[PDB]
Amino acid sequence: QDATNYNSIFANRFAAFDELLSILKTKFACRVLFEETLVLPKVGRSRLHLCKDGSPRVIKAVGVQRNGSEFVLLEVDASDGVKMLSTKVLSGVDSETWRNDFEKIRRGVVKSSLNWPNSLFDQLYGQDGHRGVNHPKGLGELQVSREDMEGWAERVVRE
């Protein structure tokens with residue numbers, strides 16, 4: 001299982017996501033502890049660990065710190081038109097166990113045909129430790145207004 005951080009060469013696949021972060025740092029006073037983009041693994045006879053063009057599908061994790069609070073954002077590569085509809089917010093994550101936890105999560109995502117393994121999420125951070133934030137309506141199909149881009153951040157911080 002490849003664990004190399006290919007953050008910069010997959011940066012183009014998270015234009016919307018990377019903009020959300022910028023809004024959090026300026027309008028919501030957030031700090032980014034780390035940014036890592038990892039490859040999704042093949043699990044069994046899985047298909048969606050790849051993109052339509054045969055390239056690996058990736059998942060980006062961003063560690064954030066806001067007013068003492070610390071949480072992790074999970075966003076899955078949707079560049080080839082298969083859309084995730086939500087972003088995963090993880091709270092109460094230990095830096096000494098993240099590398100291993102993430103590996104388990106990636107397997108879980110692919111095993112559920114590109115779906116959040118909510119059960120696994122319960123096991124790790126409890127029912128109140130993880131939540132899903134819906135994407136701006138029609139993301140990837142249209143441009144999102146600056147207010148809606150801020151509203152996206154609002155929904156994230158709301159948690």
# chains A, B, ... in the order shown; residues from 1 in each chain; ligands from 1
$ residues_around --residues "segment 11-24 of chain A" --least-positions-apart "6" --cutoff "9 Å" --atoms "only C-alpha atoms" --output "PyMOL selection string"
chain A and resi 30-32+37+60+62+75-79+139-140+144+149-150+152-154+157
$ write_last_selection --atoms "N, CA, C and O atoms" --output "PDB file, in the first residue's frame"
ATOM      1  N   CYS A  30      -8.280  29.987  10.711  1.00  0.00           N
ATOM      2  CA  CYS A  30      -7.836  28.606  10.875  1.00  0.00           C
ATOM      3  C   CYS A  30      -6.366  28.408  10.514  1.00  0.00           C
ATOM      4  O   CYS A  30      -5.795  29.173   9.738  1.00  0.00           O
ATOM      5  N   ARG A  31      -5.747  27.401  11.122  1.00  0.00           N
ATOM      6  CA  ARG A  31      -4.383  27.007  10.783  1.00  0.00           C
ATOM      7  C   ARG A  31      -4.360  25.603  10.188  1.00  0.00           C
ATOM      8  O   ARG A  31      -5.073  24.714  10.648  1.00  0.00           O
ATOM      9  N   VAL A  32      -3.535  25.413   9.162  1.00  0.00           N
ATOM     10  CA  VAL A  32      -3.360  24.100   8.547  1.00  0.00           C
ATOM     11  C   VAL A  32      -2.081  23.444   9.039  1.00  0.00           C
ATOM     12  O   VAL A  32      -0.971  23.901   8.759  1.00  0.00           O
ATOM     13  N   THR A  37      -2.135  14.165   0.251  1.00  0.00           N
ATOM     14  CA  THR A  37      -2.980  13.517  -0.739  1.00  0.00           C
ATOM     15  C   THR A  37      -2.440  12.117  -1.005  1.00  0.00           C
ATOM     16  O   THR A  37      -1.308  11.961  -1.462  1.00  0.00           O
ATOM     17  N   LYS A  60      -7.662  13.343  -0.220  1.00  0.00           N
ATOM     18  CA  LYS A  60      -6.875  14.383   0.423  1.00  0.00           C
ATOM     19  C   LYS A  60      -7.311  14.593   1.865  1.00  0.00           C
ATOM     20  O   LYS A  60      -8.502  14.702   2.159  1.00  0.00           O
ATOM     21  N   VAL A  62      -6.687  17.032   5.275  1.00  0.00           N
ATOM     22  CA  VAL A  62      -6.150  18.300   5.748  1.00  0.00           C
ATOM     23  C   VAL A  62      -6.370  18.456   7.246  1.00  0.00           C
ATOM     24  O   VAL A  62      -7.502  18.408   7.727  1.00  0.00           O
ATOM     25  N   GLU A  75     -11.556  14.653   1.800  1.00  0.00           N
ATOM     26  CA  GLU A  75     -12.190  14.914   0.515  1.00  0.00           C
ATOM     27  C   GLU A  75     -11.677  13.927  -0.526  1.00  0.00           C
ATOM     28  O   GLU A  75     -10.469  13.759  -0.691  1.00  0.00           O
ATOM     29  N   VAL A  76     -12.598  13.279  -1.228  1.00  0.00           N
ATOM     30  CA  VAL A  76     -12.240  12.265  -2.213  1.00  0.00           C
ATOM     31  C   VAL A  76     -12.256  12.823  -3.634  1.00  0.00           C
ATOM     32  O   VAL A  76     -13.149  13.586  -4.006  1.00  0.00           O
ATOM     33  N   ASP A  77     -11.241  12.443  -4.407  1.00  0.00           N
ATOM     34  CA  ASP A  77     -11.088  12.848  -5.802  1.00  0.00           C
ATOM     35  C   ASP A  77     -12.350  12.564  -6.615  1.00  0.00           C
ATOM     36  O   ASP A  77     -12.788  11.419  -6.724  1.00  0.00           O
ATOM     37  N   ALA A  78     -12.930  13.620  -7.177  1.00  0.00           N
ATOM     38  CA  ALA A  78     -14.135  13.506  -7.991  1.00  0.00           C
ATOM     39  C   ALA A  78     -13.917  14.131  -9.365  1.00  0.00           C
ATOM     40  O   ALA A  78     -14.852  14.629  -9.989  1.00  0.00           O
ATOM     41  N   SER A  79     -12.669  14.108  -9.825  1.00  0.00           N
ATOM     42  CA  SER A  79     -12.284  14.783 -11.059  1.00  0.00           C
ATOM     43  C   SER A  79     -12.852  14.168 -12.337  1.00  0.00           C
ATOM     44  O   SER A  79     -12.950  14.850 -13.358  1.00  0.00           O
ATOM     45  N   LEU A 139     -21.712  21.419  -7.381  1.00  0.00           N
ATOM     46  CA  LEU A 139     -20.272  21.635  -7.353  1.00  0.00           C
ATOM     47  C   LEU A 139     -19.633  20.794  -8.451  1.00  0.00           C
ATOM     48  O   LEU A 139     -19.971  19.623  -8.617  1.00  0.00           O
ATOM     49  N   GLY A 140     -18.717  21.395  -9.205  1.00  0.00           N
ATOM     50  CA  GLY A 140     -18.081  20.705 -10.313  1.00  0.00           C
ATOM     51  C   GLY A 140     -18.830  20.917 -11.615  1.00  0.00           C
ATOM     52  O   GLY A 140     -18.286  20.686 -12.695  1.00  0.00           O
ATOM     53  N   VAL A 144     -19.169  28.505  -8.018  1.00  0.00           N
ATOM     54  CA  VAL A 144     -19.803  28.728  -6.738  1.00  0.00           C
ATOM     55  C   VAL A 144     -19.532  30.164  -6.341  1.00  0.00           C
ATOM     56  O   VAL A 144     -18.398  30.638  -6.425  1.00  0.00           O
ATOM     57  N   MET A 149     -19.333  29.957  -1.252  1.00  0.00           N
ATOM     58  CA  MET A 149     -18.033  29.394  -0.902  1.00  0.00           C
ATOM     59  C   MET A 149     -17.722  29.651   0.569  1.00  0.00           C
ATOM     60  O   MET A 149     -17.064  28.846   1.226  1.00  0.00           O
ATOM     61  N   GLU A 150     -18.195  30.785   1.077  1.00  0.00           N
ATOM     62  CA  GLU A 150     -18.056  31.104   2.493  1.00  0.00           C
ATOM     63  C   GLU A 150     -19.055  30.300   3.315  1.00  0.00           C
ATOM     64  O   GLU A 150     -18.752  29.865   4.426  1.00  0.00           O
ATOM     65  N   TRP A 152     -20.051  27.396   2.610  1.00  0.00           N
ATOM     66  CA  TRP A 152     -19.478  26.059   2.672  1.00  0.00           C
ATOM     67  C   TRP A 152     -18.609  25.945   3.919  1.00  0.00           C
ATOM     68  O   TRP A 152     -18.725  24.992   4.689  1.00  0.00           O
ATOM     69  N   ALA A 153     -17.741  26.935   4.108  1.00  0.00           N
ATOM     70  CA  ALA A 153     -16.874  27.013   5.278  1.00  0.00           C
ATOM     71  C   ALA A 153     -17.682  27.130   6.566  1.00  0.00           C
ATOM     72  O   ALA A 153     -17.318  26.556   7.593  1.00  0.00           O
ATOM     73  N   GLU A 154     -18.772  27.888   6.502  1.00  0.00           N
ATOM     74  CA  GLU A 154     -19.666  28.054   7.641  1.00  0.00           C
ATOM     75  C   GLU A 154     -20.230  26.713   8.096  1.00  0.00           C
ATOM     76  O   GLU A 154     -20.297  26.437   9.293  1.00  0.00           O
ATOM     77  N   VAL A 157     -17.412  24.798   9.872  1.00  0.00           N
ATOM     78  CA  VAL A 157     -17.066  25.326  11.183  1.00  0.00           C
ATOM     79  C   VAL A 157     -18.238  25.126  12.140  1.00  0.00           C
ATOM     80  O   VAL A 157     -18.039  24.961  13.347  1.00  0.00           O
TER      81      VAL A 157
END
$ residues_around --residues "segment 82-84 of chain A" --least-positions-apart "2" --cutoff "12 Å" --atoms "only C-alpha atoms" --output "MDAnalysis selection string"
chainID A and resid 48:52 57 59 74:80 86:88 109 113:116 132:141
$ closest_residue --among "A:25, A:107, A:53, A:47" --to "residue 67 of chain A" --atoms "only C-alpha atoms"
A:25
$ closest_residue --among "A:120, A:65, A:159, A:45" --to "residue 103 of chain A" --atoms "only C-alpha atoms"
A:120
$ residues_around --residues "residue 106 of chain A" --least-positions-apart "2" --cutoff "9 Å" --atoms "only C-alpha atoms" --output "ChimeraX atom specification"
/A:38-41,59,101-104,108-111
$ write_last_selection --atoms "N, CA and C atoms" --output "compact mmCIF listing (two decimals), in the first residue's frame"
# COMPACT_ATOMS: atom_id res chain seq x y z
N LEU A 38 -3.25 11.10 -0.72
CA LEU A 38 -2.79 9.72 -0.87
C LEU A 38 -3.61 8.97 -1.91
N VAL A 39 -3.01 7.92 -2.46
CA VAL A 39 -3.66 7.09 -3.46
C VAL A 39 -4.61 6.09 -2.80
N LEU A 40 -5.80 5.93 -3.39
CA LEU A 40 -6.73 4.93 -2.89
C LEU A 40 -6.26 3.55 -3.35
N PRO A 41 -6.36 2.55 -2.46
CA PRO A 41 -5.85 1.21 -2.75
C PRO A 41 -6.87 0.33 -3.46
N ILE A 59 -7.24 10.57 -2.31
CA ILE A 59 -8.01 11.16 -1.23
C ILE A 59 -7.13 12.16 -0.49
N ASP A 101 -4.66 4.87 11.04
CA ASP A 101 -6.10 5.07 10.90
C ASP A 101 -6.49 5.36 9.46
N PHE A 102 -5.75 6.27 8.83
CA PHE A 102 -6.03 6.71 7.47
C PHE A 102 -5.99 5.51 6.52
N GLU A 103 -4.98 4.66 6.70
CA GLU A 103 -4.82 3.45 5.90
C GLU A 103 -6.07 2.58 5.97
N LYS A 104 -6.64 2.47 7.16
CA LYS A 104 -7.87 1.69 7.35
C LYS A 104 -9.05 2.36 6.66
N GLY A 108 -11.57 1.23 3.53
CA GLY A 108 -13.00 1.28 3.77
C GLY A 108 -13.76 2.04 2.70
N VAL A 109 -13.17 3.14 2.23
CA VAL A 109 -13.78 3.95 1.18
C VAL A 109 -13.94 3.17 -0.12
N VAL A 110 -12.89 2.44 -0.49
CA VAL A 110 -12.88 1.69 -1.74
C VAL A 110 -13.78 0.45 -1.63
N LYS A 111 -13.81 -0.14 -0.44
CA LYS A 111 -14.59 -1.35 -0.20
C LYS A 111 -16.09 -1.07 -0.28
$ decode --residues "segment 63-128 of chain A" --atoms "C-alpha atoms" --output "tab-separated table (two decimals), in the first residue's frame"
chain	number	residue	atom	x	y	z
A	63	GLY	CA	-5.33	18.86	9.41
A	64	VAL	CA	-6.79	22.08	10.76
A	65	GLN	CA	-6.44	24.03	14.01
A	66	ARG	CA	-8.96	26.68	15.02
A	67	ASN	CA	-9.10	28.33	18.45
A	68	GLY	CA	-7.52	25.34	20.17
A	69	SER	CA	-9.86	22.96	18.36
A	70	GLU	CA	-8.27	20.47	15.99
A	71	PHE	CA	-10.00	18.48	13.26
A	72	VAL	CA	-9.28	16.60	10.03
A	73	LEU	CA	-11.01	17.09	6.67
A	74	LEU	CA	-11.45	14.25	4.18
A	75	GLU	CA	-12.19	14.91	0.51
A	76	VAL	CA	-12.24	12.26	-2.21
A	77	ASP	CA	-11.09	12.85	-5.80
A	78	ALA	CA	-14.14	13.51	-7.99
A	79	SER	CA	-12.28	14.78	-11.06
A	80	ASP	CA	-13.69	12.22	-13.51
A	81	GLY	CA	-17.36	12.93	-12.86
A	82	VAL	CA	-18.19	10.36	-10.19
A	83	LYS	CA	-19.27	12.72	-7.43
A	84	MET	CA	-18.98	12.33	-3.71
A	85	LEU	CA	-21.66	14.58	-2.23
A	86	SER	CA	-20.15	15.27	1.18
A	87	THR	CA	-16.91	16.17	2.95
A	88	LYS	CA	-15.91	14.26	6.08
A	89	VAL	CA	-15.04	16.17	9.24
A	90	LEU	CA	-13.05	14.21	11.83
A	91	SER	CA	-12.67	15.47	15.39
A	92	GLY	CA	-10.49	14.10	18.18
A	93	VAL	CA	-7.76	12.53	16.07
A	94	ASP	CA	-4.39	11.46	17.46
A	95	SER	CA	-1.36	12.39	15.36
A	96	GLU	CA	0.46	9.29	16.61
A	97	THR	CA	-2.26	7.04	15.18
A	98	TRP	CA	-3.39	8.97	12.08
A	99	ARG	CA	-1.05	7.27	9.58
A	100	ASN	CA	-2.50	3.88	10.57
A	101	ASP	CA	-6.10	5.07	10.90
A	102	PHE	CA	-6.03	6.71	7.47
A	103	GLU	CA	-4.82	3.45	5.90
A	104	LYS	CA	-7.87	1.69	7.35
A	105	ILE	CA	-10.17	4.46	6.11
A	106	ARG	CA	-8.83	4.32	2.54
A	107	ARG	CA	-9.54	0.59	2.38
A	108	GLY	CA	-13.00	1.28	3.77
A	109	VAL	CA	-13.78	3.95	1.18
A	110	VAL	CA	-12.88	1.69	-1.74
A	111	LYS	CA	-14.59	-1.35	-0.20
A	112	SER	CA	-17.86	0.58	-0.10
A	113	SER	CA	-17.58	1.53	-3.79
A	114	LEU	CA	-16.33	5.04	-2.98
A	115	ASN	CA	-18.43	5.63	0.13
A	116	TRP	CA	-17.64	6.81	3.64
A	117	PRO	CA	-17.24	3.77	5.91
A	118	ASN	CA	-19.45	5.29	8.60
A	119	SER	CA	-19.33	2.17	10.78
A	120	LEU	CA	-15.52	2.27	10.83
A	121	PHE	CA	-15.81	5.98	11.63
A	122	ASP	CA	-17.92	5.14	14.68
A	123	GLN	CA	-15.34	2.61	15.89
A	124	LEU	CA	-12.54	5.16	15.71
A	125	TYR	CA	-13.98	8.47	16.88
A	126	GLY	CA	-17.43	7.58	18.22
A	127	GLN	CA	-20.79	8.72	16.87
A	128	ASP	CA	-20.08	12.32	17.87
